[PDB]
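> Give me a 3D structure for the following:
(10 chains, ligands or ions: 23)
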Amino acid sequence: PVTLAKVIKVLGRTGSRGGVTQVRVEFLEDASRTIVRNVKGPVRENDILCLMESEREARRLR
Amino acid sequence: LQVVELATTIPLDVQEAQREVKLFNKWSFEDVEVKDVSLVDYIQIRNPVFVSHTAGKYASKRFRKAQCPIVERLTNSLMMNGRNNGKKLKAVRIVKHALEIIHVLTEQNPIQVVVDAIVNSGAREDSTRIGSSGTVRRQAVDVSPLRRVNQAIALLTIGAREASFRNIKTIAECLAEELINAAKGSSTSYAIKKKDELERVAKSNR
Amino acid sequence: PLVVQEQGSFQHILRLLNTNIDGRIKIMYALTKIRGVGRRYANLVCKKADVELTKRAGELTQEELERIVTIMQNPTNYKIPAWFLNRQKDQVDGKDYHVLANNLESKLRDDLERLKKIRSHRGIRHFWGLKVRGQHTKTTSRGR
Amino acid sequence: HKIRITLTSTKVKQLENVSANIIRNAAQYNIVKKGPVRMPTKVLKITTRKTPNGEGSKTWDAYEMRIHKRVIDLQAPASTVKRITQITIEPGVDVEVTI
Amino acid sequence: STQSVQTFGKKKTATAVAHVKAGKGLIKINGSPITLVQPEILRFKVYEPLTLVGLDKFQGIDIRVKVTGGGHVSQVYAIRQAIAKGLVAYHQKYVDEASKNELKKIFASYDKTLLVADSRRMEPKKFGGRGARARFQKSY
Amino acid sequence: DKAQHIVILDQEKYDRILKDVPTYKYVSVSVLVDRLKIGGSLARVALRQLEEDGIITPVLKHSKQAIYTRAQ
Amino acid sequence: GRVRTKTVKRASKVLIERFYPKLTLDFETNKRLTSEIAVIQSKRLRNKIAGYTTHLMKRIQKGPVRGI
Amino acid sequence: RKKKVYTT
Amino acid sequence: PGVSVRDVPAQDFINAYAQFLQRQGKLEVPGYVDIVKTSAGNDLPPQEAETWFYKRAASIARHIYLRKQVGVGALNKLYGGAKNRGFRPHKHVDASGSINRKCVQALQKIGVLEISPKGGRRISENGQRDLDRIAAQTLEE
RNA sequence: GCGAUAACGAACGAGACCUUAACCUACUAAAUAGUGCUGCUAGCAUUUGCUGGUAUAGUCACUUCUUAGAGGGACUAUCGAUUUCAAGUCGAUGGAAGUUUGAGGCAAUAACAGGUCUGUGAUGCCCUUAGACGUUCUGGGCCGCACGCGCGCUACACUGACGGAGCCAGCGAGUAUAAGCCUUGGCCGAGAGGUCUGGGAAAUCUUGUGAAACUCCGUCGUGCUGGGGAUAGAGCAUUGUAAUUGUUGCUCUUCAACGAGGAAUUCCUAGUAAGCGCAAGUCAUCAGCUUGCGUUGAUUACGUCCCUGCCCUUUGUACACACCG
Ligand SMILES: [Mg+2]
Ligand SMILES: [Mg+2]
Ligand SMILES: [Mg+2]
Ligand SMILES: [Mg+2]
Ligand SMILES: [Mg+2]
Ligand SMILES: [Mg+2]
Ligand SMILES: [Mg+2]
Ligand SMILES: [Mg+2]
Ligand SMILES: [Mg+2]
Ligand SMILES: [Mg+2]
Ligand SMILES: [Mg+2]
Ligand SMILES: [Mg+2]
Ligand SMILES: [Mg+2]
Ligand SMILES: [Mg+2]
Ligand SMILES: [Mg+2]
Ligand SMILES: [Mg+2]
Ligand SMILES: [Mg+2]
Ligand SMILES: [Mg+2]
Ligand SMILES: [Mg+2]
Ligand SMILES: [Mg+2]
Ligand SMILES: [Mg+2]
Ligand SMILES: [Mg+2]
Ligand SMILES: [Mg+2]
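Numbering: from 1, shown residues only, chains lettered A, B, ... in the order given. Ligands and ions are numbered 1, 2, ... in the order given. Next up is the structure itself:
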């Protein structure tokens, strides 16, 4: 039961070395429940990344 | 449909390419579609090429790599381990043979299996490390489609390389076995073992 | 130029010049197990004996096998050039020779003591077990 | 005659002034001319080490000496061509005339 | 004279000079038909400018190119550029340019290097290393 | 040191070959060695004759790779 | 980066305070204009100055700019 | 240290 | 339209001209073809011992057809390759001079080439005649 | 740089500048560059065609390729976004070029007991100066081998080795009465090499430096195997007065560790890394070294201060020969 979330805003690089990016995701269906998540690879806005788990927001990383 | 006669005679079969541009004049892009909504825009099969060798500039800007043909990115990752760097004509010959072997086996479109094997090979959640100057503290974060796509090609070709080392099976047919198995999601293949282990560990960090 | 079968004629182990040869190696490279027989030399005696190289070692009959040991032991009689030979312009009789498996190391030592008997520099360094051709030893050959 | 004039120098402006002035003098005088013909310039390169001693990072100088050669073919008697050479004397450019 | 335009295609150092004549559609590489250019895994790179527009455009013209410099692969990109450049240059001069603009759209929409020469050349080597960016291994 | 692939072709091995090769989706240099336990050099001569007799159809011909398939 | 320097920023805005009516919104016209207005030793700097004067002119039509 | 001594 | 040497594949034309020159048998083959290696940089003799000289002669004739006054020093450079210096890096070393020089003498004495003015060896008046036929009997299949 | 502003207005450095690489069918010409026609001429099918050779008198035409001088061209140009609507940044389109267009050259104010008196007929002082520490000759050594370390070259194979065949660069250098340069072409020689003639003080000849990786067809078939080629024996040449402690090259034979490398650690973002060779320097002879050049040609960021180093601000100081205090 994976869920896909289109990206709408690239907040910024987080993590110690800057290798992970905070992003604001919007679900493909039910275009709400917008969540902030961290992504490993390079990201522009409007990239559809699938989520193994949906019920968890994200904040700044160490 | 008409056969056009030139002073320099052109064989019949190769001219039957004016209708459609096909990979090695044998494989069609029309019936290939990515069975993943999330990697359609970063696996490039919309612009057909005859041979997987374009010598383009995909390293100038940031996301130019996604516009490179998925097969040329595959033949690019083949030339590794020092002694093979720059041997692209060898890589195209190797890729070309792999496609034929993938066709006689499972009888599907070889370039469809390539897209399926790559989409089935990218881990969807990886555990990045967040150690604060030495301590172990990994945290599970998501993986963007480009790193998901292009790590699949790296893992797919890396597994084939090691399977052909000190082995009578040729790299093209070690690659063919690696590509078909990852295409079918089989756990026997390398890069599916690896993909499963990353997404398993990432769940153990959230 | 296509597939043929045989039974009982193949010989797994050969014995030539008191050296054991595996019969399933191609003939040109099987003879290289004989010390004093390199790839270049085994290639030529097989061509002088009209023994086709597409054959394994066990495929040959004794008549062919005897035809090879005669040529290697008498190369100059079978149009084998002297510059192609192992031990040419011999020390004692001045004639061109080609020494083989047990004879090679016997006459190689005899060359070594002949160096040691005259107390030459090269013979002494062989005695010490070091490199004789001027190589630097400051930094190489530290094993044992 | 067919007389060839070969021009060599290190600096191009004075060579080119002499080259243009002779053709100019070969213009009011109704003399058929071929040129000037620009030979591929020769880059005389010398790469030394900066250090008079052997200490420091291994840094190198790369000196250069450009040599430009042009040949102009004039079809006139030898007396006419020779007096043009002394009218157009320039210190940098040397002139040799060969039949 | 006759219907002649002359053009050239370039790669890093390889340069292919195209002679475009009026004729039966004779297409040769250094006096040899293009059907036999040894870089064979890449023979379709020079077949691409042909089959994209259709071989019927080459009924009336014959092409003989002279490629020098570069390497085996570098010569193919120079050759395919000289022929493609020759067809466009012939159309601008002996047929209406509306058709020439037709050919120019398909070439660029498929591969820019068919008509526009690639500007990459080798970076000079700098001292302190064996390459342009590579440096000798440092030890402390 | 475990390979010990057979390099001499007997008759039982010969007709077993003609009984097994047809029942292959895909044959190549490695497939005969891998599964018939024959040597690589013997495999190369076997493919070139079996093709002349029609049991095997050449998908592609190349020196470093011979891609073949069954004729049925 | 493409940050213009002080020798071009102050030299570009002096052109505006003295020769605004003759200036324009076209870089090509401005580049030719500046070859008779300023004595610029190098062509690249002439294009650089004219390229920044045009940008400032294009910005004045949207309102008054500071320093001119 | 140093200082040239002769034999002949 | 006619047939030329340039209209035939280099690789399958030479094996076809090589087969023809052996069955005709008039090419004079030196007596050391069973002993020697093609180049000092090589380490082993050719694997096609009986026929290697003919195939090489076909290559030399075709190579000389496409050019003008190729010398004997130039043929050694062409067929020379990278030598396997053991621990030292590889380097290009020329092929054997006698094998190529004997070949041009043998091909010159069967009538296909001849010594050209200003050095080298042009292809003969009849050399063009008979190579172009081989090209025709090359492309019939 | 925008901006804020007891500051205003300026200079060096940076940037500008210069060299190089990429564009110019727009100028200037080129028998030391190239081309089409034309003479003369060869081969193959006859359709008038396709490949060539020849051509410094065809006393042709032309400058696209080639060369180089005068210029032009890009200024982030136009349009979208964000921003204090500023400096700017990111995307597209056009474009040869949109990372300062790529790469370099030059490079401030001071400073270090950094290294060189073994580059100097650059030097002060000290030492020696006729049994010299001067200079020269002969011979040896700088290579010496239980060992530790650094720059590297080959490799551990099949994305490979051989064996044939295909066959493409760019940067450069080159001599006389010498003290001998680059060396084609012919002829000998398995090779290495020898010999006889000729061209070139050079866009002319070596030279299209027909380089190697590379590609094709075969043999090999997972085997310390045809991977790897140390060590060594015997023989043939080259340079040199002189090769022994093998200068180097060649032939046969001998065929070792090595089965991808611990803790650690280096270099690197596009024609870049990596391979692959070639030229120049040293050079009578010797390149596993440097300085460049081109051939094949990628993976991955285009981000951060987690490590490491440096820069700035604040701060403490009993330091100012400045913490080696
Ligand atoms: Mg040593
Ligand atoms: Mg000679
Ligand atoms: Mg070669
Ligand atoms: Mg070769
Ligand atoms: Mg090797
Ligand atoms: Mg021009
Ligand atoms: Mg300085
Ligand atoms: Mg120090
Ligand atoms: Mg000094
Ligand atoms: Mg020393
Ligand atoms: Mg170093
Ligand atoms: Mg090879
Ligand atoms: Mg060249
Ligand atoms: Mg071995
Ligand atoms: Mg070996
Ligand atoms: Mg030598
Ligand atoms: Mg040298
Ligand atoms: Mg050195
Ligand atoms: Mg950065
Ligand atoms: Mg940044
Ligand atoms: Mg820090
Ligand atoms: Mg305190
Ligand atoms: Mg004090």
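> Can you tell me how far the closest residue to residue E:70 other than its chain neighbours is from residue E:75?
Of all residues not flanking residue E:70 in the chain, residue E:14 sits nearest, at 2.4 Å (CB to CB, 6 or more residues apart in numbering or on different chains). The way it works is simple: take the backbone N, C-alpha and C, and place the C-beta from them, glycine included. Per CB to CB, to the nearest Å, residue E:14 is found 5 Å from residue E:75.
> neighbour count winner among the two?
residue E:75 (25 against 21; other CB atoms under 10 Å in any protein chain shown).
> ok now do that one, which residues does it touch?
Contacts for residue E:75 (CB atoms under 8 Å, 6 or more residues apart in numbering or on different chains) come out as E:11, E:14, E:16, E:39, E:67, E:69.
> May I have the secondary structure class of it?
Under DSSP: H, G, I helix; E, B strand; the rest coil, the three-state class of residue E:75 is helix.
> Which helix or strand contains the residue nearest to residue E:81 when sequence neighbours are not counted?
Leaving aside its sequence neighbours, residue E:81 sits nearest to residue E:9 (CB to CB, 6+ apart; 2.8 Å). Using DSSP states H and E, residue E:9 maps to strand E:5-10.
> Could I get the full set of strands for chain C?
In chain C, the strands defined using DSSP state E lie at C:13-16, C:19-22.
> Tell me which of these sits nearest to chain E.
Across the strands of chain C, chain E has its closest neighbour in strand C:19-22 (39.8 Å, CB to the nearest CB).
> List the neighbouring strands of that closest one plus their orientation.
The strands beside strand C:19-22 in its sheet (DSSP bridges) come out as strand C:13-16 (antiparallel).
> re earlier: using JSON lines, lay out the strands of chain C together with mean neighbour count.
Listed next are the strands of chain C as JSON lines, based on neighbours: other CB atoms under 10 Å in any protein chain shown:
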{"stretch": "strand C:13-16", "mean neighbour count": "15"}
{"stretch": "strand C:19-22", "mean neighbour count": "15"}
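> out of those strands, nearest to residue B:109?
With CB to CB as the measure, strand C:19-22 is the member of these nearest residue B:109 (47.7 Å).
> Pull that closest one out as PDB, backbone CA atoms only.
Output of strand C:19-22 as PDB, limited to C-alpha atoms (Å, rounded to 0.1, in the frame of the first residue of the first chain):
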ATOM      1  CA  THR C  19      57.800 -36.000 -18.300                       C
ATOM      2  CA  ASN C  20      54.000 -36.600 -17.800                       C
ATOM      3  CA  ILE C  21      51.700 -34.800 -20.400                       C
ATOM      4  CA  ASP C  22      48.000 -34.400 -20.000                       C
END
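> check contacts around the residue in chain H positioned nearest to chain E.
Proximity of chain H to chain E (CB to the nearest CB) peaks at residue H:1, 37.0 Å away. Listed by CB under 8 Å, 6+ apart, residue H:1 has no contact partners.
> Am I right that it sits in a helix?
No. Secondary structure of residue H:1 (three-state DSSP): coil, not part of a helix.
> Please name the spatially closest residue to residue I:16 (chain neighbours excluded).
Nearest residue to residue I:16, sequence neighbours excluded (CB to CB, 6+ apart): residue I:138, at 5.3 Å.
> Which residues does residue D:48 form beta bridges with?
With DSSP bridges applied, residue D:48 shows beta-bridge pairing to residue D:61.
> Could you give the number of residues near it?
Residue D:48 is flanked by 9 other residues according to other CB under 10 Å.
> Show the contacting residues for it.
So residue D:48 contacts D:60-61, D:63 (CB under 8 Å, 6+ apart).
> returning to what we had before: please enumerate the shared neighbours of residue E:14 and residue E:75.
Applying CB under 8 Å, 6+ apart, one finds that residue E:14 and residue E:75 are jointly contacted by E:67, E:69.
> Now do the SS call for the residue in chain G that chain F sits nearest to.
Residue nearest to chain F within chain G: residue G:1 (50.8 Å; CB to the nearest CB). Assigned with three-state DSSP, residue G:1 falls in the coil class.
> Okay, helices next: where are they in chain E?
With helices called from DSSP state H, chain E shows them at E:43-51, E:72-94, E:97-110.
> Buried residues, the last one. List them.
So the one you mean is helix E:97-110. E:100, E:103-104, E:107, E:110 (16 or more other CB atoms under 10 Å in any protein chain shown).
> List the contacts of residue B:170.
Residues near residue B:170 by CB under 8 Å, 6+ apart: B:97, B:164, F:28-30, F:64-65.
> That one and residue B:93: what is the separation?
11 Å.
> what is in contact with the two at once?
Both residue B:170 and residue B:93 are contacted by residue F:64, under the criterion CB under 8 Å, 6+ apart.
> from the contacts of residue E:75, which would you call buried?
E:11, E:14, E:16, E:39, E:67.
> ok, the residue lying closest to the last one once chain neighbours are set aside to residue E:7 distance?
Taking CB to CB, 6+ apart as the measure, residue E:67 lies nearest to residue E:16, with 3.8 Å between them; neighbours along the chain are not counted. Here residue E:16 is placed at a distance of 9 Å from residue E:7 (CB to CB).
> Common neighbours of those two, please.
Residues within reach of residue E:16 and of residue E:7 at once, by CB under 8 Å, 6+ apart, are residue E:82.
> Give me the spatial nearest neighbour of the one residue in chain C that gets nearest to chain B, chain neighbours excluded.
Nearest residue of chain C to chain B, counting by CB to the nearest CB: residue C:24, 17.0 Å away. In space, and not counting its chain neighbours, residue C:24 is closest to residue F:7: 5.1 Å by CB to CB, 6+ apart.
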